[PDB]
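Okay, structure first, notes after.
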Amino acid sequence: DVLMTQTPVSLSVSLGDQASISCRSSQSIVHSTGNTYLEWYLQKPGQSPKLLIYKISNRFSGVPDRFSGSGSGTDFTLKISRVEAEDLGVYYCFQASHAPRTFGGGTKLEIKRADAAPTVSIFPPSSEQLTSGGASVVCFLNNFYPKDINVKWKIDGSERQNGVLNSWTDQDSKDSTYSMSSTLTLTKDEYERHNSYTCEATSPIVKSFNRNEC
Amino acid sequence: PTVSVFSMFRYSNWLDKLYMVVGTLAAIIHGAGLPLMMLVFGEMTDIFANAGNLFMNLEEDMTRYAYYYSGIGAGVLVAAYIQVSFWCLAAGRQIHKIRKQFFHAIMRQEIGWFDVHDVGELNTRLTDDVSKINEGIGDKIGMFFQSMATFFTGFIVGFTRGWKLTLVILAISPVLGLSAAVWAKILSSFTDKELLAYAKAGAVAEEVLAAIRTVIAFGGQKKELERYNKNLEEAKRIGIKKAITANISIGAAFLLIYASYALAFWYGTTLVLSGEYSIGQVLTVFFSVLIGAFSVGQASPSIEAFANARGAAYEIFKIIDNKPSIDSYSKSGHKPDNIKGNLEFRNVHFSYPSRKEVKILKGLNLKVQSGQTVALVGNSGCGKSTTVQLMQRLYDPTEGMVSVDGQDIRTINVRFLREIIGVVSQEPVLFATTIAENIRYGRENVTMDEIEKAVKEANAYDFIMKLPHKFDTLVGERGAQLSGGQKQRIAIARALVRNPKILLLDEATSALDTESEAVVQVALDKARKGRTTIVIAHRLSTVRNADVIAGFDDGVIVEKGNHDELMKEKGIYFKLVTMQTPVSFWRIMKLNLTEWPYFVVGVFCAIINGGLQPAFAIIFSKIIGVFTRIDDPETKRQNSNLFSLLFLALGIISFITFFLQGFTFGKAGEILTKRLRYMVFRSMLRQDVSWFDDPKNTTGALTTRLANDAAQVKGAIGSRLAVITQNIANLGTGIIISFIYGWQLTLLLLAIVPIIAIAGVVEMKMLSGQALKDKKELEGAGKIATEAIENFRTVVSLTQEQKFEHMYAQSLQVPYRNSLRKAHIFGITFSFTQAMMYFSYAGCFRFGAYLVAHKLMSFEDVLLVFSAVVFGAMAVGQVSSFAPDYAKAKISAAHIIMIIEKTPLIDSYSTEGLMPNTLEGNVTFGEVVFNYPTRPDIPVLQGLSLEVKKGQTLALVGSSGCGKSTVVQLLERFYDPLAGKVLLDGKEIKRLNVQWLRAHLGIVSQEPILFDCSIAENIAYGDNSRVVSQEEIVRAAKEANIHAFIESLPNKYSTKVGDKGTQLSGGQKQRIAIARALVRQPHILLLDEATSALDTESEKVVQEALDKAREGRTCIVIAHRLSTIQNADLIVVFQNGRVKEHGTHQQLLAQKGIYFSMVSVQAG
Amino acid sequence: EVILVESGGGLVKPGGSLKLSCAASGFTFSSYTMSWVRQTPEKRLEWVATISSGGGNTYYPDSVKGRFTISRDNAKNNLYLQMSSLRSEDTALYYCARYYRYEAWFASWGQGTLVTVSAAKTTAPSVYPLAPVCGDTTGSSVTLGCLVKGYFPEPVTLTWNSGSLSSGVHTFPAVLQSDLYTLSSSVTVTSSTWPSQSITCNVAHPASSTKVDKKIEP
Ligand SMILES: CC(C)CCC[C@@H](C)[C@H]1CC[C@H]2[C@@H]3CC=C4C[C@@H](O)CC[C@]4(C)[C@H]3CC[C@]12C
Ligand SMILES: CC(C)CCC[C@@H](C)[C@H]1CC[C@H]2[C@@H]3CC=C4C[C@@H](O)CC[C@]4(C)[C@H]3CC[C@]12C
Ligand SMILES: CC(C)CCC[C@@H](C)[C@H]1CC[C@H]2[C@@H]3CC=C4C[C@@H](O)CC[C@]4(C)[C@H]3CC[C@]12C
Ligand SMILES: CC(C)CCC[C@@H](C)[C@H]1CC[C@H]2[C@@H]3CC=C4C[C@@H](O)CC[C@]4(C)[C@H]3CC[C@]12C
Ligand SMILES: CC(C)CCC[C@@H](C)[C@H]1CC[C@H]2[C@@H]3CC=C4C[C@@H](O)CC[C@]4(C)[C@H]3CC[C@]12C
Ligand SMILES: CC(C)CCC[C@@H](C)[C@H]1CC[C@H]2[C@@H]3CC=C4C[C@@H](O)CC[C@]4(C)[C@H]3CC[C@]12C
């Protein structure tokens, strides 16, 4: 069959800048009729994909003018000039000329901006969970940037626990910041055995609480 | 050759040329009308396909295109009306001028030219040629120019929208045009193929039909039938082969059409998917170029019709080149004033141009003073009638110079000379008008007082007094209503009303009795004193009181002087005077019942043909649907390929189906025609003589019905079934599918369907013609035209060209006005239908636009409904145009059933009766009376009686028409008399076997006729149901003294003789009639005019076989030559049917009666 | 507009079968080509099926051919994907998509419905409230949480106050571990809101018909 590979997988563009994605197939994409069928789709985080260009140069209804697609032979590139923060997302190139139709993949776009520190907040295990013999302390690290940040759990002031669970949201379309959550889960007995629980974002940002119930 | 194009339109006035120019322009517009509609249609489907966007302004755009459609339609309405009307008008006026000129050109003509030319050609050539010229210069030329303009307009519109697709359709366009042309020419009313095939066979028919009585005399009713049947099977086979070829070519055309659909849609989808052209663009290009290439085919039959018109017009222009060499109306002739009775003939040599090799006249010199009654005597053959004809300027003499009172005829006026010479010919003819007009035909201004004095001079007032309508009686054709004496007397009157200067009688008292001839001759001497008179007659009673008597010998006048001068001259005249002193029924299917399988196969294929137009529509719609829906390219491509392949398979199915349907119906139709013709011919032979007596059935009914029965009955059954079945299938299933896809639109369109169907019918019927069924309208005119030929012998006394021409033009006046009116009407109808097509397109698609706007039905569904119903209606009309008419067929089939049922108790096919093993040969008539069935009022017999014994040479002497051949026909079981008793050896013929009597005896005919074979088969015809030995052939040939003329001919006993022996001479065919009768060896022998045309040395060698063979058989000879009468045993003389004298010859010679005046004619 | 809603996604055992449906409104269903597209948990899309407008032609790739089937009712305006002989490489999110003119393949997409194929068993979640200790305030704003934990399969719905709270929310994507999923969320409201009026954490796990509304308590 025919494979499509994007040249960049991830691209970091500051607001107002311009950049280009290139989608190279191995076999030349030319139908029997003569038309060439290449489409570029964009999927924003948490949304279904929307069509961007429906033939190498054309544009779907409503598409902003700053998207510009140009394609020569077997090399095809879509370039966006002065990309807005809303337009970030994942880009795919679809080819429907030969009897198997395949998508490209990749092309992550990350808008650059000023660094932000997270509004960290830690939460104590709920009564309902302690009853069932579990204790999970959660620390949210909301609205920061860049993505790379470290969280370190401290139990009773010294115990750097590592049995946590971490997850990242994707860059927010509104303010281009990140969030992420760190959940420290253990037994009700191992939790009762201590009093002070500290969350540290990494001049680290600390948050802590002192009890088993308040 | 053929005429020039320019001479064809010679009689056309400047007004008719204006008609032609405007008609050409109208046809060009009307032709450019259709491809423009297809252009609009392409654009309209392009709009409809974009109507549903992810419905706004649909109704508005469809309003615009409905206006475009309606405008094109109205323009076409105007153009169609103009184009039809102007051409029909121009052709009509020109044909009126041509008929007048033709009838007038034939009037002058030439003396004897009419005898040369055929009578049937002069009456037939006229109507056929003129009706064939009308068709060539009529609307056919207009349609040809319409087709040319349509072709050019289609190609131009196609080339303008898209050139790539039109290049391919052009690549295949020659084959499309050839196929359309060959399809149309076969389909262009191919009734001429049957007349070509039956042409041979038909001939044989008429031969029989020429002489039925002779075919009755010899046993050939059964023998001719086989000769007729064997001739028929060949035409049957040739016809079956012709039907196979026609259907093959038609089916091949259909295959080619559908293959072009498939190719165009394959390549057009390839173009649309690539973005080169849109869909409506493809539809426009394709339909325009197809319609143009298909109209090139419509152009062809008109080209053939034009050539045929030229061919038939050549002869008529030749007729107007004819010159009589006598100017009946050049007023440059010289007219005397003091016309005095005087005749001058000197060194007058003249011969007939019909037979110029023989010279009858070798000079005659005569000088006749005023009031000199000159009679000329001589045997028939010297040219008494010739001098008469050579007296009234009929012919001019080759040598000498003839004068009348000083100056010669060759410088004075012929008409003025012709009016002043009252002449009665030998056998006068009488115009079939009232008797007041007949006697009026002498001159213009005659009142009834001069009439009465004239008829009282003619002594023809008694029979005027007795009959009703004493001046209003319409005398029948050729003087059949009245008697001959009354006829010849009023003919004398008709001559006397001219009040002439020179009177010329020619056998004026042929059939007249004593007293009327006496009073006629006294009236002739009553009015002879102021005039010069020449009288020719056979009775010497009216001759002895003349001024001068003379005698012809070999064309030269020899004896001159008075009565006593020729008495002391002792010549031939002294020898003469010395010797003188409804129901209507339906049985047609049963006639073809036997051929049940063919129909079955046929019916099946017909069903499938009905299903070709709906199915097409479905496939058609879906392809356009494929480009209306929203699919990826690959789906469009593979669906489009599927549907194009379906088109190809549909074409192949149509090919096979047409082939099978045509083949089976043609096979059954030809077998039906063969069986039917055979049966009708057989029944005609079986019919009685009385059935042949009726003048409707004498020549033309029997001949016509045999060709009219074949062509029609097949249309009565096979064509009816095929057309009804195919139309019902087509229209029914198309309407049903349309009902299911949309019910409102189907009802809307059903309101309009009948107009489209009848439109197609009108179109095709325009191509075929009007068939000229105007014998009723042209009836009086044709009567006048025939009676001018009939009375051509009476034209000699008074030409009366102007009178006949006025009667004929007055006859023509009504059809001319009627025809102009009819042309207007036909233009209006043709135009209305041709426009209603485009109006229907407009209305259907506007209503459909409303429907799509409210999502009641899809665009593909309205397109399917429209295509199916419209194209089905067009095909329905087209199919109903090819079918022949049921009414003509039904009336023919009824006539035929009537013919077959007829049975006059001929009793020829039955054995029953009295069959004695033995006979003697004695005949006894008693009190036998006979009246003709066609003349029930006139008796020709008044109860004769006769006694004939063995070997009794019985002579029957009488006048011409006193029941001479009647006794022959009484014997030969032709007529059975109403009263009387005939004993054949004490055996009444009414109780015997019928064929036994016709077998035993054998006669010779009054005229010898043979059959279309050699002379061996001529004589072999005498003996039937018997192995004919050739030793009897050559023995009879020697006995008849014809052996020498047969052995002298190359391929002696295989020499092919034509019809009625028209190759060899009269004496020789009379002798071979002697030989043909001789092989019968009859116990009873009858001769009727055994020496009518024969030499004096051949009469003896004929009679020697008779004399040696008259023993043992009864012999009865009827003749005018006394040579066989002197040696006869007994002699019977007749007078109006009554036996006056009988007995031995010496007894009648002893008692001087009418037989003494009979025998003493030219002897001494 | 153009509305595509697909449904019929659940948990099925490997080698079993399942049937998905997609209802479409706002356009003529019988005039458009319809496709089914699949997205794996590795964020790589893949084409799955395509059916023409009449339903006569059907195109599958050389990876599910003979196992899957696609069908269509134009009278009810429904699109059906019948599946059979499933596999571990079919756990993915399925979209129904529409076909645009001018040769664009996917114009309108559905919402997506998830399909999991394995040998695990349905497990309801465990919703836990999250509030700062003793209702301690963070100035003019307060941040509340909620934690669902130990459920299977993935599809879970979390809202606040039936969707009245939507402004400052933070739902975090589910992390799989030990064949169990874990998900959390935060909301930030002014101090004058939460102690003043309670905030309810609405949670719904359709796989187990579980639906619980947990109020946040100081
Ligand atoms: C009697 C002879 C001369 C008939 C001539 C008909 C010729 C001119 C027709 C028949 C088929 C046609 C060709 C069919 C296909 C093509 C391919 C296209 O890309 C260019 C035009 C071209 C090449 C057409 C040119 C015109 C064409 C060649
Ligand atoms: C009697 C028979 C053999 C005559 C048939 C002549 C016809 C069929 C020939 C003459 C020119 C030919 C065409 C010339 C060019 C093209 C363009 C090509 O892309 C498709 C085939 C097509 C459309 C050809 C089809 C066949 C063709 C139309
Ligand atoms: C002069 C006349 C006979 C020429 C007509 C030739 C026609 C019948 C030929 C020329 C090209 C052919 C087509 C070319 C390709 C295909 C694709 C196939 O999947 C279905 C049949 C179909 C559509 C063929 C049908 C027959 C076809 C249309
Ligand atoms: C009076 C009778 C003959 C009418 C029926 C004629 C038949 C042969 C016509 C009527 C409807 C037509 C069918 C309707 C549409 C289709 C579907 C298509 O995918 C294949 C062809 C096919 C199947 C057509 C073939 C021809 C067809 C079946
Ligand atoms: C020679 C004379 C009788 C004219 C015949 C021409 C034919 C084509 C005319 C005469 C009567 C007409 C038909 C009269 C009635 C109908 C029923 C209608 O629902 C469909 C059209 C249809 C079937 C007409 C079609 C055209 C028609 C058949
Ligand atoms: C030969 C005869 C029957 C032709 C008559 C054509 C008529 C009936 C067609 C032509 C245009 C059509 C109309 C076009 C627009 C409208 C407006 C809509 O709100 C009611 C239907 C109506 C009024 C249609 C009814 C049918 C219609 C009137």
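The numbers used for chain B are those of Swiss-Prot, and the residues that appear cover 32-85, 104-630, 694-1276, in sequence.
According to its header, the structure was obtained by electron microscopy, 3.9 Å.
Positions of Cβ are set from backbone N, Cα and C atoms, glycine also.
Relative to the membrane, Swiss-Prot puts B:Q143 on the same side as B:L818. Spanning 63 unmodelled residues, the straight-line distance from the Cα of B:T630 to the Cα of B:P694 measures 62 Å. Within 8 Å of the centroid defined by the CB atoms of B:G427, B:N428, B:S429, B:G430, B:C431, B:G432, B:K433, B:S434, the record's ATP 1 site, lie the Cβ atoms of B:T435, B:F601, excluding the listed residues themselves.
Of all the binding-site residues in the list B:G1070, B:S1072, B:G1073, B:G1075, the shortest Cα-Cα distance to B:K433 (ATP 1 binding site) is found for B:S1072. 18 residues are missing from the deposited coordinates between B:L85 and B:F104, whose CA atoms sit 9 angstrom from each other. All chains included, 20 other C-beta atoms sit within 10 angstroms of the C-beta of B:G427 (ATP 1 binding site). Of the Cβ pairs linking the transmembrane segment (B:833-853) with the transmembrane segment (B:974-995) and spaced 6 or more residues apart, 3 or more are under 8 Å, so the two regions touch. For B:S1077 (ATP 2 binding site), other Cβ atoms within 10 Å of its Cβ number 18. If you count C-beta pairs under 8 angstroms between the transmembrane segment (B:712-732) and each of B:45-67, B:117-137, B:293-316, B:331-352, B:974-995, the highest count goes to B:974-995. Summary of the ATP 2 site environment: with the site residues B:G1070, B:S1071, B:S1072, B:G1073, B:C1074, B:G1075, B:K1076, B:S1077 set aside, the chain residues having Cβ atoms within 8 Å of the Cβ mean position are B:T1078, B:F1246. All protein chains considered, the CB of B:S1071 (ATP 2 binding site) has 14 other CB atoms within 10 Å. Nearest by CA distance to B:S434 (ATP 1 binding site), out of the binding-site residues B:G1070, B:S1072, B:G1073, B:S1077, is B:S1072. When the binding-site residues B:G432, B:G1070, B:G1073, B:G1075 are compared by the number of other C-beta atoms lying within 10 angstroms of their own C-beta, B:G1073 comes out lowest. On a Cα basis, B:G1073 (ATP 2 binding site) lies 22 Å away from B:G430 (ATP 1 binding site).
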